[PDB]
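Working notes for the structure below.
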Amino acid sequence: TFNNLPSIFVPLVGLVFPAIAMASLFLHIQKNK
Amino acid sequence: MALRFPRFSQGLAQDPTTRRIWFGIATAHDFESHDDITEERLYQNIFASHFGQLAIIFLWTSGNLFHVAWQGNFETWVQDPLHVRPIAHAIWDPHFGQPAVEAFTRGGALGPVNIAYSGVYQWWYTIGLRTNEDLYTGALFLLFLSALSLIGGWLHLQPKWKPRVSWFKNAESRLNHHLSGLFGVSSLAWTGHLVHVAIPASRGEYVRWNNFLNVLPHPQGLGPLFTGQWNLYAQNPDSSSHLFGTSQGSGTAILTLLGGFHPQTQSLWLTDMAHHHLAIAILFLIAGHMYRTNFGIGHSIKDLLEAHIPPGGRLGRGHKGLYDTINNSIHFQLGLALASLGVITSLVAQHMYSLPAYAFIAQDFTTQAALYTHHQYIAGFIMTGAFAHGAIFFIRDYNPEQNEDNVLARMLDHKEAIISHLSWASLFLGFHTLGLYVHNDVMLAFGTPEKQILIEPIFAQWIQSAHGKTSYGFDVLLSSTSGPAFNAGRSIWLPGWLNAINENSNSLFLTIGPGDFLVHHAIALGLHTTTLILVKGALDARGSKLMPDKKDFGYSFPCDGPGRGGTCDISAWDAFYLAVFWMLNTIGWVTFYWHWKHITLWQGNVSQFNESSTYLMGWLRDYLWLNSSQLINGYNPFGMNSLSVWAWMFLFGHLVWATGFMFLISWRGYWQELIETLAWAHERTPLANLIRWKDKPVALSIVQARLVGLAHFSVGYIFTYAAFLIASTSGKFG
Amino acid sequence: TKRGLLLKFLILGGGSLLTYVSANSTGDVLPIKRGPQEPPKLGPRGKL
Amino acid sequence: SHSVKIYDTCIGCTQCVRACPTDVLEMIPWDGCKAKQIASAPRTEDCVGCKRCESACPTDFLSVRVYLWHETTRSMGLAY
Amino acid sequence: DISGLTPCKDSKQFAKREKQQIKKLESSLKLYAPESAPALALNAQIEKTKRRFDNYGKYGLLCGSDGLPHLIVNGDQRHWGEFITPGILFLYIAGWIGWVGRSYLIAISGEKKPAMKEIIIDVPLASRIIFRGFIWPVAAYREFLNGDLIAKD
Amino acid sequence: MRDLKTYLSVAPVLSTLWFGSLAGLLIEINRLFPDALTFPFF
Amino acid sequence: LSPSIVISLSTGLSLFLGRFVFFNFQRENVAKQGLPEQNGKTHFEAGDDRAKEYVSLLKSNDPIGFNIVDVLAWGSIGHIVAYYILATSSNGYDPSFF
Amino acid sequence: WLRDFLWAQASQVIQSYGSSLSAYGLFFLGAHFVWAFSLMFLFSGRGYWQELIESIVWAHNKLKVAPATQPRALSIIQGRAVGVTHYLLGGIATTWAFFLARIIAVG
Amino acid sequence: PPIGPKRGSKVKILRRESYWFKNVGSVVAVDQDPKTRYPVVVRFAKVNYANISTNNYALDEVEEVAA
Ligand code: CLA
Ligand code: CLA
Ligand code: CLA
Ligand code: CLA
Ligand code: CLA
Ligand SMILES: CC1=C(/C=C/C(C)=C/C=C/C(C)=C/C=C/C=C(C)/C=C/C=C(C)/C=C/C2=C(C)CCCC2(C)C)C(C)(C)CCC1
Ligand SMILES: CC1=C(C/C=C(\C)CCC[C@H](C)CCC[C@H](C)CCCC(C)C)C(=O)c2ccccc2C1=O
Ligand SMILES: CC1=C(C/C=C(\C)CCC[C@H](C)CCC[C@H](C)CCCC(C)C)C(=O)c2ccccc2C1=O
Ligand code: SF4
């Protein structure tokens, strides 16, 4: 399963990691200590 | 330090608006302007950031190596290189339709793939690196170097290893080590690679890490070097019949100075490059041991600058006090650094096409165009940054009382003369270059091309004839056999150099004509005008008659209000911002000239360029309209081809190049008074009063919007021309 | 209801379902996982 | 918020204050000019930054001088 | 024969360009009556073309492989007429203009409101000043030696 | 005519007169000596 | 001339120039430049705790003051000029001006 | 639109050179220019040009050729006016040359 | 004694931050109060960017020209 690895990582970097980063950085943007 | 996201700045953290987000993104790497900053902490953040950049560089190179090793046809490319397409990386786009999968399947691949127009195939094949396991090993090693640079950048932020401010200001030991080791020992080690590996790899045998301690790069082995008989390293130069990658016609020499190109690859000899890197290694290792560090010998750069005051005072106080305005000022260091880097990047671009070092890189035409365009746009940007950081130095770091009457204050003493004579040279060049181009446009329009003003570039043809080009009949130092230059070098390198330059098919000192004159003067106009804008913003960075207190406003500020007639775009930042436009124009000219001259050379009809480069409808018809057919037909209604992505990127670059015009033409005030209506509507729309912003949505700031328009503009410029230059050069390939 | 346990759940569930349904997607839903399904044509100038 | 610092080249013409749409400026007594008054700036926290004060300052360059700085909701001209 | 360029009276591509343009004009000449006015204008253009190519032949112009007159601006005497003899004829005339408009600006520099003579040009004063720039080079030379060319601030 | 010579002395009227005369001069020169690319008179 | 003879003679004639001929000039130029000055102070005086001019390596005895660093310097010049001689002689290159 | 309209129909305006429509060819490019010439005005601001002008005014004071009508950069509103003016002129004249060359050379 | 230049004396400017820096002007009036910091009112032939031809200058920000 090595021709299937692009199918794993292109969503995981391009859809999932952007959701993670956008959510985390939006929380960091609006935080207040 | 602060509370909200710009922790480095409690002025943006205490900003209720959305400007907080943007400006905290932008000013993140401006450590000099952060809160609670010291020179020590500034230097340490710079050092750790340099480590991070080196880590990202090695990671990006490891990614190239991995995606050529995993998804590349590199093992097939090293068999028949000049008739097998490189493969950058695979593609898994779930939006692709089946025709686009049928179309993007290239290079004999199991699926759709992207063609490496970057030249990493040719370069890696030239330095050894035959099988894909070698590229895998290289990617592993560069991942290791990325982790090493990250480790170093974290380690040199801890207190036990945080270096001191006076350690980054050791401007003699650093030059000593970087010349001797970073420049000299590294060139020496690259000679070691070229001798132990790349020359044996070009001549058959694969000397790898397991069997490099028991093979001889030269059959004698260190007898010639230690005994001084260095000519023994130039005995069998694998003359005129060597097949790259096989032992047929190979040789034993490792440092022979031959000059000119390989006959097969039309690249330079690996023996030539080995001897080259060896020679500059000796020169840099010698030049390293110059600056005094710890040992009681060497120069102090202070007492070289302090001592270079001419009697008579034509300069003034000379360089008296200039060690302190560079050692204590990181923006002077950065400006000089980017100046040198832009000069040598342009040099890289100008020499890699005419003296290609890699095997079969002159034979793939899209690669050379992509590389020249890349390094020249990079060089123009790096040059613009050199000047921008000189302006930032003049504002932030320049101390006039410390450098009174020296060679640097004398810039500001007569800055009007510099700016006005640059404004003369650029104005002359534009008036006359455009006048001649328009004269020729009208002559071709009126059907009388014989009336054109075709000024031959005699002064460049004379230099070409001073290098052995026997295409003009000037009979100069190297075109004349009876000369001192064609006698002291006729036994060493002039045979190969003459037989390379006289070949009309390669890029070495192309046969030029009047179109080349005219476009060289357009190039001079671009360089002089970008220089004018940048120098004017650097010297008027501290102040002018319209705003003498500009230094108090910083580098980037919007304006000084409508008063005093109007002060739009008065900052030195704004000068930079306009100079990026003129820079992109200049590099567009140099690269249009390059790409059309070369695509006409590669096609065969140099006469096309020579008769069509003298009038601008020849550039619009025979270059932009003609070569963009196969591009814009990348996707037609009845099908698509492999250039569909370049057509889409072409139109994308058009779209963002046009979107930058929104931010450049349309300015603020209209948008704040629009977003006020939008905020009203959101606060009075039912089921959306529930949702309310936390950051008050203001329009973009002024200087920010100039930046954003410039970013859209440059992204579109670059993407459009990349798409056109790759699609046209890959739709036909010469 | 628990937000900190809903954000984590949505992240690690959406990413899981996305990296799963893309992996086990046969060559009938999306064509990128089919392949060329055609003889690869030669490029210009032989192939270069 | 902003920083409206003025300088001693002011002549006491009271135009910077008569242009100010936010009452940042106010004339005080002073002894450095023929008019015997100078334009202070107490309410700098109300400054929008419009620089009407220095588009009305009849000096060789300027006496009132607006240095744009940390932008608050009062300095970003926000009615919302 | 400098810069690898055959002369234009000897260049076959130059004569081919002449013949091509002449045939292009004659193909437009057939559509009109031989005594008509468009036909006579086309014939005048034909003789203009022919004597233009003859004059580029006789004046030492050099033609390239494309077959177009190239200008050798380096300094060879044979081609001074291409750049230097016109160029001096420019720098004279141009230096006339600047020596006039400068001198005028010095003659209206000592007025009360000297800006209302910039937009309303004193034609008598300008006509007196215009021919001062006829032999401008000696005036500029001497004013450079006398220091009157550069203001002393 | 008084104050008409001041109007004709104004920069645009004077510029159009000067450039009309100059353009007619250049135009009639190019009629007399058309298609010029060298100065052969020495 | 054998290469050992060339190396030995050129090195000897280099540190002979360094010991006797070009000593007072080199040392007076050293004292003239003195040290790299970072903002008036030296590199070690301003801090950094690593740019201290080593004296345990420069204290070596000689009536004129020759140290091991000058032995390396005159002697690096020596081996360099020697290898220039050797390679330039071993390369049968014809300048062929005439 | 880029291919079948702008690239395709703008063949007669580039082949216009020679036949009567050479002016439409010329007015293509010049219009293409003036539009771009406008971008000098819309993108920029009066402050840079006033400072460039004051450097040039220094160069003129150094030759006793200082004007009495003091050179000032265009008003901000006037820079915007010149910009939109040249922009409309160049774009509209480009389209005019394109249209008339195409349609006179095909119909 | 009247301080400064006279009410018709020609003067030049040594103020770095002025529009008329190293440019001559005509002294309109000098305020004789020894408490005004900038008494020397100067009149210049050419306006600044604010369309203003005059400003008060100091005594040490001024230099009595020898013409
Ligand atoms: C709807 C349009 C669309 C979209 C969404 C995509 C989507 C994609 N295409 Mg594209 N493509 C399209 C149309 C489209 N395609 C068309 C019409 C063509 C022409 C036929 C192509 C031709 C094409 C090729 C030839 C290739 C792709 C590839 C890809 C994939 C990129 C892999 C990735 O996510 O890496 C991560 C994405 C990036 C690094 C790019 C984003 C860069 C950002 C904006 C800049 C950084 C901003 C900042 C630092 C970070 C902020 C975000 C942060 C919160 C994380 C992705 C699935 C590639 C692929 O599948 O290889 C793996 C590839 O090689 N496409
Ligand atoms: C000999 C010892 C030595 C060596 C090897 C280095 C090496 C380095 N130092 Mg230095 N350093 C030293 C001693 C040394 N240092 C000492 C003693 C001090 C204290 C005074 C410092 C203080 C210091 C600071 C303060 C910093 C460094 C930095 C760096 C890095 C430079 C960035 C880089 O990658 O440039 C690479 C550039 C080159 C190799 C030059 C190449 C230019 C040529 C002309 C270009 C053309 C050929 C091209 C290479 C061919 C490309 C073809 C193909 C392969 C692509 C590099 C790792 C910087 C850094 O990054 O920190 C991590 C930094 O900030 N050092
Ligand atoms: C096609 C567009 C274009 C053109 C022609 C120019 C032209 C010029 N720019 Mg650039 N500029 C442009 C776009 C353009 N710019 C853009 C898009 C930007 C980004 C904002 C800039 C930013 C910029 C800066 C920041 C600077 C310049 C400068 C200059 C001048 C450079 C000197 C020169 O070549 O003068 C030669 C003259 C020309 C090329 C003018 C062409 C017009 C002809 C020759 C005049 C005669 C035409 C005709 C007879 C008039 C009749 C018409 C009417 C009366 C009916 C010149 C006026 C520099 C400058 O002005 O200093 C000298 C400078 O500092 N420009
Ligand atoms: C760069 C990364 C990237 C990647 C990997 C994808 C991947 C995909 N996109 Mg694309 N997209 C992207 C960027 C990307 N997109 C961007 C930047 C844009 C804006 C231009 C778009 C705009 C776009 C549109 C407009 C559409 C897609 C569609 C699709 C799907 C392919 C259609 C198909 O044949 O499957 C068919 C498969 C299905 C119909 C089933 C969908 C399965 C879903 C996605 C699983 C749910 C996962 C999870 C719970 C939610 C995400 C969690 C989060 C953490 C990421 C595929 C999942 C199409 C689609 O499917 O629409 C939903 C579609 O219509 N995309
Ligand atoms: C700046 C660039 C440039 C240059 C160098 C030229 C140069 C030329 N053009 Mg081109 N042209 C340009 C821009 C340029 N043009 C532009 C921008 C356009 C579009 C508007 C044109 C459109 C164009 C056309 C359509 C034509 C030309 C022509 C010409 C030629 C002019 C022949 C002529 O009538 O002069 C003759 C000399 C004069 C008019 C000067 C006379 C000056 C007076 C009489 C005073 C001199 C005497 C004085 C008292 C001193 C005597 C000395 C002493 C006794 C006192 C010449 C080669 C013509 C030609 O022949 O084609 C080659 C032609 O037909 N040009
Ligand atoms: C603003 C500023 C800045 C920046 C600037 C810049 C960016 C500059 C650049 C510059 C540049 C970018 C330059 C370049 C130059 C070049 C040169 C100067 C050249 C020379 C050459 C030569 C001399 C040559 C010779 C030769 C030849 C000809 C060839 C062969 C060989 C030989 C050697 C013979 C700074 C920071 C500084 C400071 C502050 C201010
Ligand atoms: C269009 C426009 C706007 C409207 C711009 C709005 C307010 C901002 C952009 C709207 C949203 C936020 C689009 C964001 C697009 C990108 C996805 C953001 C990229 C940033 C990430 C890399 C972080 C201005 O506010 C403006 C202000 C001054 C001069 C010119 C202009 C101007 O031309
Ligand atoms: C180029 C430019 C300028 C400089 C433009 C100048 C100052 C205006 C052009 C003036 C012409 C060239 C003056 C000369 C015409 C005279 C009537 C003299 C005639 C005499 C001979 C020249 C014929 C600005 O002032 C400006 C201001 C605000 C935003 C953008 C810009 C902008 O882009
Ligand atoms: S406008 Fe200027 S001079 Fe007038 S009162 Fe205000 S600060 Fe003083």
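FYI, it's all coordinate maths here, none of it is from the lab. Methodologically, a virtual Cβ is constructed for each residue, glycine included, from the backbone with ideal geometry; neighbour enumeration extends over all protein chains shown.
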Next on the checklist: Just to be sure I understand, how many residues within segment H:38-88 are among the charged types (D, E, K, R) and within 11 Å of ligand 8 (Cβ to nearest atom)?
Outcome noted: 4
Checklist outcome for this item: Result of the Cβ filter at 6 Å on segment E:132-153, keeping first residues that are farther than 28 Å from residue I:13 by Cα and partners that are aromatic (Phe, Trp, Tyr) and loosely packed, with under 15 Cβ neighbours inside 10 Å, at least 6 apart or interchain, is none
Item to check | Residue that is surrounded by the most Cβ atoms within 10 Å (Cβ to Cβ), among those in segment D:57-75 that are within 14 Å of chain I (Cβ to nearest Cβ) and touching a residue at least 60 places away in the same chain (Cβ under 8 Å) | outcome: D:64
Checklist entry - Among the residues of segment B:391-421, which ones are within 16 Å of ligand 3 (Cβ to nearest atom), over 20 Å from residue B:317 (Cα atoms) and surrounded by fewer than 21 Cβ atoms within 10 Å (Cβ to Cβ)? => result B:421
Next on the checklist: Looking only at helices (runs of 4 or more DSSP H) that lie completely in segment H:20-107, which have at least 3 residues being within 18 Å of residue B:441 (Cβ to Cβ)?
Outcome noted: H:22-43, H:76-106
Item to check | Breaking point among (1) more than 9 Å from every other protein chain (Cβ to nearest Cβ); (2) touching a helix residue (DSSP H, G or I) at 6+ places or on another chain (Cβ under 9 Å), for residue B:123 | outcome: (2)
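Matching residues to (1) within 11 Å of chain B (Cβ to nearest Cβ); (2) farther than 19 Å from residue B:419 by Cα; (3) more than 16 Å from ligand 1 (Cβ to nearest atom):
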| position | (1), (2), (3) |
| --- | --- |
| H:40 | yes, no, yes |
| H:49 | yes, no, yes |
| H:62 | yes, no, yes |
| H:79 | yes, yes, yes |
| H:85 | no, yes, yes |
| H:95 | no, yes, yes |
| H:99 | no, yes, yes |
| H:106 | no, yes, yes |
Checklist entry - With respect to residue H:47, is the statement that it is in contact with an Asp or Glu (Cβ under 6 Å, 6 or more places away or on another chain) and in contact (Cβ under 8 Å) with a residue 24 or more places away in the chain true? => result yes
Checklist entry - Out of the residues in segment B:60-104 that are within 14 Å of chain A (Cβ to nearest Cβ) and more than 18 Å from residue A:2 (Cα to Cα), which is farthest from ligand 9 (Cβ to nearest atom)? => result B:101
Checklist outcome for this item: Being touching a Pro at 6+ places or on another chain (Cβ under 6 Å), of a type outside the set (A, V, I, L, M) and away from ligand 3 (no atom under 16 Å from the Cβ) narrows D:73, D:59, D:14 down to just D:73
Item to check | Residues of segment H:1-12 satisfying the condition of being facing another protein chain (nearest Cβ under 9 Å) and not in a helix (DSSP H, G or I) | outcome: H:10, H:11
Item to check | Within segment H:23-37, considering residues that are touching a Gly at 6+ places or on another chain (Cβ under 7 Å) and facing chain B (nearest Cβ under 9 Å), the one farthest from ligand 6 (Cβ to nearest atom) | outcome: H:32
Item to check | Residue under evaluation residue I:59, criteria (1) more than 10 Å from every other protein chain (Cβ to nearest Cβ); (2) in contact with a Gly (Cβ under 8 Å, 6 or more places away or on another chain); (3) assigned to a strand (DSSP E or B), criterion not met | outcome: (3)
Checklist entry - In the set B:194, B:175, B:188, which member is more than 16 Å from ligand 6 (Cβ to nearest atom) and closer than 24 Å to residue B:332 by Cα? => result B:175
Checklist entry - So which residues in segment B:386-410 are more than 7 Å from ligand 6 (Cβ to nearest atom) and within 21 Å of residue B:527 (Cβ to Cβ)? => result B:388
Checklist entry - Out of (1) away from ligand 1 (no atom under 16 Å from the Cβ); (2) surrounded by 19 or more Cβ atoms within 10 Å (Cβ to Cβ); (3) within 12 Å of another protein chain (Cβ to nearest Cβ), what's the single condition that is false for residue B:424? => result (2)
Next on the checklist: Just the residues that are more than 9 Å from every other protein chain (Cβ to nearest Cβ), crowded, with 19+ Cβ neighbours inside 10 Å and in a helix (DSSP H, G or I), please, taken from segment B:24-47.
Outcome noted: B:43, B:44
Checklist outcome for this item: Conditions (1) touching a strand residue (DSSP E or B) at 6+ places or on another chain (Cβ under 6 Å); (2) more than 21 Å from residue B:565 (Cβ to Cβ); (3) within 12 Å of another protein chain (Cβ to nearest Cβ) -> residue D:28 fails only (3)
Next on the checklist: Quick check on segment B:1-23: of everything there that is closer than 21 Å to residue B:157 by Cβ and among the small types (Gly, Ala, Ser), which residue is surrounded by the fewest Cβ atoms within 10 Å (Cβ to Cβ)?
Outcome noted: B:2
